[PDB]
>>> print(open('start.txt').read())   # compact mmCIF, C-alpha atoms and all ligand atoms
# COMPACT_ATOMS: atom_id res chain seq x y z
CA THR A 36 -5.04 45.61 42.68
CA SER A 37 -2.66 42.90 43.79
CA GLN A 38 0.99 43.84 43.82
CA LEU A 39 1.44 40.57 41.84
CA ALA A 40 -1.04 41.56 39.11
CA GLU A 41 1.61 42.66 36.58
CA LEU A 42 3.59 39.42 37.10
CA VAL A 43 0.55 37.17 36.83
CA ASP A 44 -0.77 39.07 33.81
CA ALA A 45 2.62 38.62 32.07
CA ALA A 46 2.58 34.93 32.98
CA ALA A 47 -0.93 34.53 31.53
CA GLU A 48 -0.03 36.43 28.33
CA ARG A 49 3.02 34.17 27.98
CA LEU A 50 0.77 31.08 28.41
CA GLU A 51 -1.30 32.39 25.50
CA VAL A 52 1.72 31.88 23.21
CA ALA A 53 0.88 28.16 23.53
CA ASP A 54 -1.85 28.54 20.90
CA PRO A 55 0.14 29.87 17.93
CA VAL A 56 3.02 27.62 18.89
CA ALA A 57 0.82 24.51 18.97
CA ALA A 58 -0.90 25.52 15.67
CA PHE A 59 2.53 25.78 14.06
CA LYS A 60 3.82 22.50 15.48
CA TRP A 61 0.64 20.69 14.41
CA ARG A 62 0.95 21.81 10.76
CA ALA A 63 4.70 21.18 10.74
CA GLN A 64 4.28 17.75 12.41
CA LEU A 65 6.69 18.69 15.18
CA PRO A 66 6.43 17.33 18.68
CA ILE A 67 5.41 19.50 21.61
CA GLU A 68 8.26 18.65 23.95
CA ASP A 69 11.99 18.91 23.63
CA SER A 70 14.00 18.37 26.83
CA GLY A 71 17.25 19.72 25.37
CA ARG A 72 15.47 22.87 24.20
CA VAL A 73 13.81 23.55 27.53
CA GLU A 74 17.13 22.94 29.34
CA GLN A 75 18.70 25.62 27.13
CA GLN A 76 15.82 28.06 27.67
CA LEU A 77 15.98 27.62 31.44
CA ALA A 78 19.76 28.00 31.46
CA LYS A 79 19.44 31.32 29.60
CA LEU A 80 16.78 32.52 32.07
CA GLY A 81 19.15 31.64 34.94
CA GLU A 82 21.87 33.72 33.28
CA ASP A 83 19.38 36.60 32.90
CA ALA A 84 18.55 36.22 36.63
CA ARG A 85 22.26 36.30 37.62
CA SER A 86 22.93 39.45 35.62
CA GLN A 87 19.90 41.04 37.31
CA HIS A 88 20.77 40.01 40.88
CA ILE A 89 17.76 37.70 41.06
CA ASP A 90 18.08 34.21 42.59
CA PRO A 91 18.61 31.98 39.54
CA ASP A 92 17.37 28.81 41.26
CA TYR A 93 14.07 30.55 42.04
CA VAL A 94 13.76 31.80 38.44
CA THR A 95 14.58 28.31 37.12
CA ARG A 96 11.87 26.74 39.30
CA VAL A 97 9.28 29.36 38.29
CA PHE A 98 10.01 29.12 34.58
CA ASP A 99 10.06 25.31 34.70
CA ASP A 100 6.49 25.59 35.99
CA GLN A 101 5.66 28.18 33.34
CA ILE A 102 7.01 26.11 30.49
CA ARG A 103 5.30 22.88 31.65
CA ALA A 104 2.00 24.74 31.95
CA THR A 105 2.50 26.03 28.41
CA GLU A 106 3.24 22.52 27.11
CA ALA A 107 0.04 21.41 28.89
CA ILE A 108 -1.98 23.83 26.75
CA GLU A 109 -0.21 22.66 23.56
CA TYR A 110 -0.98 18.99 24.41
CA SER A 111 -4.64 19.84 25.08
CA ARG A 112 -4.87 21.42 21.62
CA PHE A 113 -3.21 18.37 20.01
CA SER A 114 -5.85 16.25 21.71
CA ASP A 115 -8.65 18.40 20.33
CA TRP A 116 -7.13 18.42 16.87
CA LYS A 117 -6.68 14.62 16.81
CA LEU A 118 -10.41 14.30 17.45
CA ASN A 119 -11.32 17.05 14.99
CA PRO A 120 -8.45 17.84 12.55
CA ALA A 121 -10.59 20.36 10.61
CA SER A 122 -10.56 22.51 13.74
CA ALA A 123 -6.75 23.00 13.72
CA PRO A 124 -6.37 26.81 13.16
CA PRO A 127 0.01 29.69 11.01
CA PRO A 128 2.49 31.54 10.61
CA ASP A 129 6.16 31.09 11.63
CA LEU A 130 7.28 31.46 15.25
CA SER A 131 9.26 34.73 15.08
CA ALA A 132 6.35 36.77 16.53
CA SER A 133 5.96 34.25 19.34
CA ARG A 134 9.72 34.29 20.00
CA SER A 135 9.73 38.10 20.29
CA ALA A 136 6.66 38.03 22.59
CA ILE A 137 8.26 35.45 24.88
CA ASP A 138 11.48 37.46 25.07
CA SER A 139 9.55 40.56 26.10
CA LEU A 140 7.36 38.66 28.56
CA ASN A 141 10.39 36.92 30.14
CA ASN A 142 11.90 40.35 30.78
CA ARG A 143 8.61 41.68 32.22
CA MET A 144 8.33 38.68 34.52
CA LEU A 145 11.91 38.95 35.78
CA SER A 146 11.38 42.70 36.41
CA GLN A 147 8.48 41.84 38.74
CA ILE A 148 10.33 39.05 40.53
CA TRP A 149 12.96 41.65 41.34
CA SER A 150 10.47 44.42 42.26
CA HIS A 151 8.28 42.19 44.45
CA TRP A 152 10.96 39.95 45.98
CA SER A 153 10.01 40.90 49.55
CA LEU A 154 6.36 40.05 48.97
CA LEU A 155 7.27 36.75 47.21
CA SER A 156 9.12 35.83 50.44
CA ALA A 157 6.30 36.97 52.78
CA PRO A 158 3.30 35.30 54.44
CA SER A 159 0.99 37.60 52.44
CA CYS A 160 2.25 36.17 49.13
CA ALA A 161 -0.38 33.38 48.98
CA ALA A 162 -3.31 35.77 49.33
CA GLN A 163 -1.87 38.39 47.00
CA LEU A 164 -1.25 35.66 44.41
CA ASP A 165 -4.81 34.38 44.80
CA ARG A 166 -6.18 37.93 44.28
CA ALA A 167 -3.95 38.47 41.26
CA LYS A 168 -5.09 35.20 39.70
CA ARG A 169 -8.73 36.04 40.30
CA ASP A 170 -8.34 39.41 38.65
CA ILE A 171 -6.33 38.16 35.64
CA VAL A 172 -8.67 35.20 35.06
CA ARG A 173 -11.42 37.81 34.80
CA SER A 174 -9.56 40.46 32.78
CA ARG A 175 -8.17 37.95 30.25
CA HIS A 176 -11.36 35.83 30.34
CA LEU A 177 -9.29 32.71 30.88
CA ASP A 178 -11.14 29.43 30.36
CA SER A 179 -10.84 26.34 32.57
CA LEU A 180 -7.77 25.05 30.71
CA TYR A 181 -5.95 28.40 31.05
CA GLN A 182 -7.04 28.67 34.72
CA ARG A 183 -5.40 25.29 35.47
CA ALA A 184 -2.33 26.37 33.49
CA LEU A 185 -2.10 29.68 35.43
CA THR A 186 -2.21 27.78 38.69
CA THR A 187 0.59 25.45 37.54
CA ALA A 188 2.60 28.38 36.21
CA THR A 189 2.48 30.30 39.49
CA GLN A 190 2.69 27.48 42.04
CA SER A 191 6.31 28.28 42.98
CA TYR A 192 5.97 32.07 43.25
CA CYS A 193 5.46 32.18 47.00
CA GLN A 194 8.56 31.11 48.92
CA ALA A 195 8.49 28.88 51.97
CA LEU A 196 8.40 30.76 55.28
CA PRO A 197 10.51 30.12 58.41
CA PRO A 198 8.97 27.17 60.23
CA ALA A 199 9.34 28.86 63.64
CA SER B 37 -28.50 -2.40 20.85
CA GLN B 38 -27.03 -4.99 18.53
CA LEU B 39 -23.95 -2.72 18.26
CA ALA B 40 -23.39 -2.63 22.04
CA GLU B 41 -20.67 -5.30 22.02
CA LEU B 42 -18.73 -3.55 19.25
CA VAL B 43 -18.98 -0.15 20.98
CA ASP B 44 -18.05 -1.76 24.30
CA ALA B 45 -14.91 -3.27 22.69
CA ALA B 46 -14.06 0.15 21.17
CA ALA B 47 -14.49 1.84 24.56
CA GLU B 48 -12.44 -0.84 26.30
CA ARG B 49 -9.67 -0.31 23.76
CA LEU B 50 -9.89 3.50 24.29
CA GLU B 51 -9.28 2.85 28.00
CA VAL B 52 -5.88 1.26 27.18
CA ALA B 53 -4.79 4.84 26.23
CA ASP B 54 -4.36 5.50 29.96
CA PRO B 55 -1.70 2.83 30.77
CA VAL B 56 -0.07 3.45 27.41
CA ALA B 57 0.17 7.21 28.13
CA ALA B 58 1.49 6.47 31.64
CA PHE B 59 4.26 4.25 30.26
CA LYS B 60 5.27 6.75 27.57
CA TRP B 61 5.27 9.56 30.13
CA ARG B 62 7.74 7.70 32.41
CA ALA B 63 9.88 6.58 29.45
CA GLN B 64 9.69 9.97 27.64
CA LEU B 65 8.49 8.26 24.46
CA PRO B 66 6.46 10.05 21.78
CA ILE B 67 2.70 9.48 21.74
CA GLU B 68 2.49 8.77 18.02
CA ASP B 69 4.18 5.57 16.84
CA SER B 70 3.72 5.45 13.08
CA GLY B 71 5.38 2.02 12.83
CA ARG B 72 2.91 0.46 15.26
CA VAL B 73 -0.06 2.13 13.50
CA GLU B 74 1.19 0.73 10.16
CA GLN B 75 1.69 -2.76 11.62
CA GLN B 76 -1.87 -2.88 12.95
CA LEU B 77 -3.56 -1.49 9.85
CA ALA B 78 -1.61 -3.97 7.71
CA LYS B 79 -2.56 -6.96 9.85
CA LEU B 80 -6.18 -5.89 10.11
CA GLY B 81 -6.37 -5.19 6.36
CA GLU B 82 -5.12 -8.71 5.72
CA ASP B 83 -7.50 -10.28 8.25
CA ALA B 84 -10.36 -8.39 6.59
CA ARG B 85 -9.34 -9.64 3.12
CA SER B 86 -8.93 -13.21 4.37
CA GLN B 87 -12.39 -13.14 5.99
CA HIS B 88 -13.87 -11.38 2.90
CA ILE B 89 -14.63 -8.15 4.76
CA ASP B 90 -14.24 -4.82 2.93
CA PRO B 91 -10.70 -3.78 3.91
CA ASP B 92 -11.17 -0.09 3.06
CA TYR B 93 -14.04 0.14 5.59
CA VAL B 94 -11.97 -1.71 8.22
CA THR B 95 -8.95 0.57 7.68
CA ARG B 96 -11.11 3.66 8.06
CA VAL B 97 -12.67 2.44 11.30
CA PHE B 98 -9.32 1.57 12.85
CA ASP B 99 -7.81 4.86 11.71
CA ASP B 100 -10.59 6.60 13.62
CA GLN B 101 -10.05 4.37 16.67
CA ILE B 102 -6.28 5.02 16.61
CA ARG B 103 -6.66 8.80 16.27
CA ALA B 104 -9.10 8.83 19.20
CA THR B 105 -6.59 6.84 21.26
CA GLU B 106 -3.82 9.31 20.47
CA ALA B 107 -6.19 12.12 21.46
CA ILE B 108 -6.68 10.59 24.92
CA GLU B 109 -2.88 10.10 25.34
CA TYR B 110 -2.32 13.82 24.47
CA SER B 111 -4.96 14.87 26.96
CA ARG B 112 -3.35 12.82 29.75
CA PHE B 113 0.07 14.37 28.94
CA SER B 114 -1.66 17.77 29.25
CA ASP B 115 -3.04 16.81 32.67
CA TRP B 116 0.37 15.48 33.84
CA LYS B 117 2.19 18.56 32.65
CA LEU B 118 -0.20 20.52 34.91
CA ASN B 119 0.18 18.04 37.78
CA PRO B 120 2.90 15.35 37.38
CA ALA B 121 1.96 13.80 40.73
CA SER B 122 -1.23 12.43 39.08
CA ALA B 123 0.75 10.26 36.57
CA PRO B 124 0.57 6.52 37.33
CA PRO B 125 4.13 5.66 38.50
CA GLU B 126 4.05 1.91 37.75
CA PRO B 127 2.02 1.31 34.61
CA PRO B 128 2.05 -2.05 32.78
CA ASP B 129 4.65 -2.43 30.03
CA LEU B 130 3.79 -1.04 26.61
CA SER B 131 4.24 -4.64 25.33
CA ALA B 132 1.42 -5.77 27.66
CA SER B 133 -0.82 -2.89 26.64
CA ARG B 134 -0.16 -3.69 22.94
CA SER B 135 -1.07 -7.35 23.49
CA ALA B 136 -4.39 -6.29 25.09
CA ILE B 137 -4.95 -3.96 22.08
CA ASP B 138 -4.18 -6.80 19.67
CA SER B 139 -6.95 -8.87 21.29
CA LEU B 140 -9.40 -5.94 21.16
CA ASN B 141 -8.53 -5.37 17.49
CA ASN B 142 -9.57 -8.95 16.84
CA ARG B 143 -12.76 -8.65 18.87
CA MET B 144 -13.74 -5.48 17.01
CA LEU B 145 -13.17 -7.03 13.57
CA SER B 146 -15.14 -10.13 14.66
CA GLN B 147 -18.02 -7.87 15.77
CA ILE B 148 -17.83 -5.90 12.48
CA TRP B 149 -18.16 -9.14 10.54
CA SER B 150 -20.97 -10.42 12.79
CA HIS B 151 -22.99 -7.20 12.52
CA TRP B 152 -22.28 -6.34 8.89
CA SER B 153 -25.99 -6.49 8.00
CA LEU B 154 -26.77 -3.81 10.62
CA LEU B 155 -23.68 -1.64 10.02
CA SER B 156 -24.72 -1.42 6.33
CA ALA B 157 -28.46 -0.90 7.07
CA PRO B 158 -30.33 2.41 7.37
CA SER B 159 -30.99 1.70 11.11
CA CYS B 160 -27.24 1.75 11.81
CA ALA B 161 -27.15 5.43 12.97
CA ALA B 162 -29.98 4.87 15.47
CA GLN B 163 -28.48 1.61 16.75
CA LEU B 164 -25.06 3.24 17.10
CA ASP B 165 -26.43 6.20 19.07
CA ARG B 166 -28.23 3.71 21.33
CA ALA B 167 -25.11 1.59 21.85
CA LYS B 168 -23.00 4.69 22.63
CA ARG B 169 -25.53 5.89 25.26
CA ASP B 170 -25.50 2.52 26.96
CA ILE B 171 -21.70 2.03 26.92
CA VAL B 172 -21.08 5.63 28.08
CA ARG B 173 -23.28 4.75 31.09
CA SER B 174 -22.03 1.22 31.76
CA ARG B 175 -18.36 2.35 31.57
CA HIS B 176 -18.95 5.77 33.21
CA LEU B 177 -17.17 7.55 30.40
CA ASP B 178 -16.23 11.14 31.10
CA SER B 179 -16.34 14.06 28.68
CA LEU B 180 -13.02 13.19 27.02
CA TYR B 181 -13.95 9.52 26.56
CA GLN B 182 -17.37 10.48 25.17
CA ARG B 183 -15.71 12.66 22.55
CA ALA B 184 -13.16 9.95 21.81
CA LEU B 185 -15.87 7.28 21.41
CA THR B 186 -17.73 9.54 18.94
CA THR B 187 -14.55 9.91 16.91
CA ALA B 188 -13.77 6.18 17.15
CA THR B 189 -17.22 5.16 15.87
CA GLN B 190 -17.85 7.94 13.32
CA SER B 191 -17.33 5.69 10.26
CA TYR B 192 -19.28 2.60 11.50
CA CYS B 193 -22.38 3.28 9.49
CA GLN B 194 -20.38 3.65 6.24
CA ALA B 195 -20.48 -0.13 5.59
CA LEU B 196 -21.87 -1.09 2.18
CA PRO B 197 -24.52 -3.83 1.98
CA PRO B 198 -23.28 -7.00 0.20
CA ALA B 199 -23.76 -7.16 -3.55
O1 LIG C 201 1.75 3.22 21.06
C1 LIG C 201 0.63 2.63 21.14
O2 LIG C 201 0.51 1.37 20.98
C2 LIG C 201 -0.62 3.42 21.43
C3 LIG C 201 -1.85 2.79 20.74
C4 LIG C 201 -2.06 3.28 19.32
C5 LIG C 201 -3.35 2.60 18.91
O3 LIG C 201 -4.43 3.23 19.07
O4 LIG C 201 -3.28 1.42 18.48
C6 LIG C 201 -0.89 2.89 18.42
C7 LIG C 201 0.15 3.69 18.19
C8 LIG C 201 0.31 5.06 18.83
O5 LIG C 201 0.41 6.06 17.83
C9 LIG C 201 -0.83 5.37 19.81
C10 LIG C 201 -2.18 4.82 19.36
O6 LIG C 201 -0.50 4.83 21.10
>>> encode(input="start.txt", output="C-alpha cells", more="lines below")
Ligand SMILES: O=C(O)[C@@H]1C[C@]2(C(=O)O)C=C[C@@H](O)[C@@H](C2)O1
Amino acid sequence: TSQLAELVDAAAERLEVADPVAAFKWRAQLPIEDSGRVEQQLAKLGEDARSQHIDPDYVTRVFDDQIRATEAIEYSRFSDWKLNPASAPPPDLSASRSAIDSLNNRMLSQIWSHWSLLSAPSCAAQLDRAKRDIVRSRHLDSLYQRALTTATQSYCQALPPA
Amino acid sequence: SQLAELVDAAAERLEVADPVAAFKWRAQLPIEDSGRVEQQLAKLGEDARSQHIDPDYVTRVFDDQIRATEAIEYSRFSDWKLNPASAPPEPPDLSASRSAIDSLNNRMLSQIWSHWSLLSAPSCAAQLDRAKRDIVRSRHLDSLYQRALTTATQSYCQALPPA
C-alpha cells in the first residue's frame, strides 16, 4: 500500500463531488467556473495550511490542480448533457460542501504526515502506485483517471538538481 | 448520398467550435451566448419564411446544431482544464469565427431547400445515415464529433412533404 494512498483516495473522493455539483448547476443554469470563488477557496486553504504549519504555496498549487480537475469533470458532464439533456441526473449543495470540507482536512493531514516523501525521489513511484490502486478500488473511468492525474501533478516536489 | 453536402456543411460548422472555444478560453468568456443564438435563429427563421421554407423545421434543426456546438466547446474546456498547455494560444477572433458560421448557416439552409423532397421522404433516414458515414470518414471525425453530428442532424428527417 502506497504511503500516498490515503491522500490520493481523498483526492479522488473529492473529484467525485463534481457530479452532484454539475447536476445542480445544470438544473439551476449556473456556470461551472467562477474565478472569484476559486480565489476565495484557495485563500482559505492557504490559511488552513498556515495554521497547520504546512507550506501554503504548495497547498495552493495542489488545490488549484484539484479544483481545475474537478471543473474538468463538470464541463465534461455539461457536454454530455447538451448532447442528451434527458440524461442530466438534485439536491442542494450542502452535502457536497460538508464533504469537501472533510476531504480538504483529510488531504491537508496527509500533506503534513507525508511531507518528507512528497519532497523525496521516491515520491513519483509512490504516487504512481497510489493512483493505480485508487483507480482500481474506486473503479475510476477514463475521465476520472485523467482528472486524478491533473489533480495530483504537483504532489511530488522538485529535487535538488545536483 | 444526396444529403452529403448538407451533412458536410453541418460537420464543417461543428469544427468552428474549436477556434470559438479557444478564443473564449483565452478571454474567459462563457460558452453559451443566448443573444447570438437568438440573433441567428431570428435571421434564419426570416430567411426560411422569405424563401417559403417551413420555419419551425429550420429553427429545430439549427437549435440542434447550436446545442451540439456548445457541447463540443464544453468538452474542449474540460480537456483544457485537465491540460491548459493544449489550448490554442492564438485562435482567430470570435468575429471571424461568427462570420464563417454565418456563411455555413446560409449553405445549410440552401441545402435544406434544395433537398426538401428527400428530407421529407421515407428514404431520408437511410440517406442521412449514409451521408453521416461518409462525412465522418472524409473529415476523420472523432468520437466527440460523431456524437455531435448525430445530435446536429437528429431532426433532419422531420421535414413535411409539400401540400
Ligand atoms: O459564441 C458562438 O458564436 C458559438 C457558436 C454558437 C453556434 O453554434 O452558433 C452560438 C452561440 C454560443 O452559445 C455557442 C454556439 O458558441
>>> residues_around(input="start.txt", residues="stretch 181-189 of chain B", least_positions_apart="2", cutoff="6 Å", atoms="only C-alpha atoms", output="PyMOL selection string")
chain B and resi 100-101+104+177-179+191-192
>>> residues_near_ligand(input="start.txt", ligand="ligand LIG 201 (chain C)", cutoff="8 Å", atoms="only C-alpha atoms and all ligand atoms", output="number ranges by chain")
B: 49-50, 52-53, 56-57, 67-73, 76, 101-106, 109, 130, 133-134, 137
>>> closest_residue(input="start.txt", among="B:115, B:138, B:170, B:82", to="chain A", atoms="all atoms listed in the file")
B:115
>>> closest_residue(input="start.txt", among="B:64, B:139, B:153, B:163", to="chain A", atoms="only C-alpha atoms")
B:64
>>> residues_around(input="start.txt", residues="stretch 138-143 of chain A", least_positions_apart="3", cutoff="7 Å", atoms="all atoms listed in the file", output="list in words")
residues 45, 49, 134, 135, 146 and 147 of chain A
>>> build_atoms(input="start.txt", residues="stretch 43-61 of chain A", atoms="N, CA, C and O atoms", output="compact mmCIF listing (two decimals), in the frame of the given file")
# COMPACT_ATOMS: atom_id res chain seq x y z
N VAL A 43 1.52 38.17 37.23
CA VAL A 43 0.55 37.17 36.83
C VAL A 43 -0.04 37.42 35.44
O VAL A 43 -0.23 36.51 34.65
N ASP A 44 -0.26 38.69 35.13
CA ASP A 44 -0.77 39.07 33.81
C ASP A 44 0.25 38.69 32.73
O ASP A 44 -0.11 38.11 31.70
N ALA A 45 1.53 38.98 33.00
CA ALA A 45 2.62 38.62 32.07
C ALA A 45 2.68 37.12 31.90
O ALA A 45 2.81 36.61 30.77
N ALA A 46 2.55 36.39 33.01
CA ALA A 46 2.58 34.93 32.98
C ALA A 46 1.44 34.37 32.11
O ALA A 46 1.63 33.45 31.30
N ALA A 47 0.26 34.95 32.28
CA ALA A 47 -0.93 34.53 31.53
C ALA A 47 -0.77 34.85 30.02
O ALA A 47 -1.05 34.00 29.15
N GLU A 48 -0.30 36.04 29.72
CA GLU A 48 -0.03 36.43 28.33
C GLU A 48 1.01 35.47 27.72
O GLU A 48 0.91 35.04 26.56
N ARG A 49 2.02 35.09 28.50
CA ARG A 49 3.02 34.17 27.98
C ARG A 49 2.39 32.79 27.75
O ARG A 49 2.76 32.12 26.82
N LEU A 50 1.49 32.34 28.65
CA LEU A 50 0.77 31.08 28.41
C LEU A 50 0.04 31.08 27.07
O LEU A 50 0.02 30.05 26.38
N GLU A 51 -0.50 32.24 26.73
CA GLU A 51 -1.30 32.39 25.50
C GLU A 51 -0.50 32.15 24.22
O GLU A 51 -1.08 31.82 23.16
N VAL A 52 0.82 32.26 24.30
CA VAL A 52 1.72 31.88 23.21
C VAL A 52 1.61 30.39 22.84
O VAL A 52 1.94 29.96 21.71
N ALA A 53 1.13 29.57 23.78
CA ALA A 53 0.88 28.16 23.53
C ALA A 53 0.05 27.92 22.26
O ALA A 53 0.27 26.92 21.55
N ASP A 54 -0.92 28.80 22.01
CA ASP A 54 -1.85 28.54 20.90
C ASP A 54 -1.19 28.67 19.51
O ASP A 54 -1.20 27.70 18.75
N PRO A 55 -0.57 29.83 19.19
CA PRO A 55 0.14 29.87 17.93
C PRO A 55 1.26 28.87 17.84
O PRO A 55 1.52 28.31 16.78
N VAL A 56 1.95 28.59 18.95
CA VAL A 56 3.02 27.62 18.89
C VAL A 56 2.50 26.21 18.57
O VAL A 56 3.05 25.51 17.74
N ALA A 57 1.43 25.79 19.25
CA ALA A 57 0.82 24.51 18.97
C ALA A 57 0.29 24.44 17.53
O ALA A 57 0.48 23.41 16.88
N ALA A 58 -0.36 25.50 17.06
CA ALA A 58 -0.90 25.52 15.67
C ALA A 58 0.23 25.30 14.70
O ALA A 58 0.12 24.51 13.75
N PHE A 59 1.36 25.97 14.93
CA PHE A 59 2.53 25.78 14.06
C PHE A 59 3.08 24.36 14.11
O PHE A 59 3.35 23.71 13.10
N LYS A 60 3.25 23.82 15.33
CA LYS A 60 3.82 22.50 15.48
C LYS A 60 2.91 21.43 14.85
O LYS A 60 3.39 20.43 14.33
N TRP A 61 1.61 21.65 14.93
CA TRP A 61 0.64 20.69 14.41
C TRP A 61 0.81 20.61 12.89
O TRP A 61 0.94 19.52 12.33
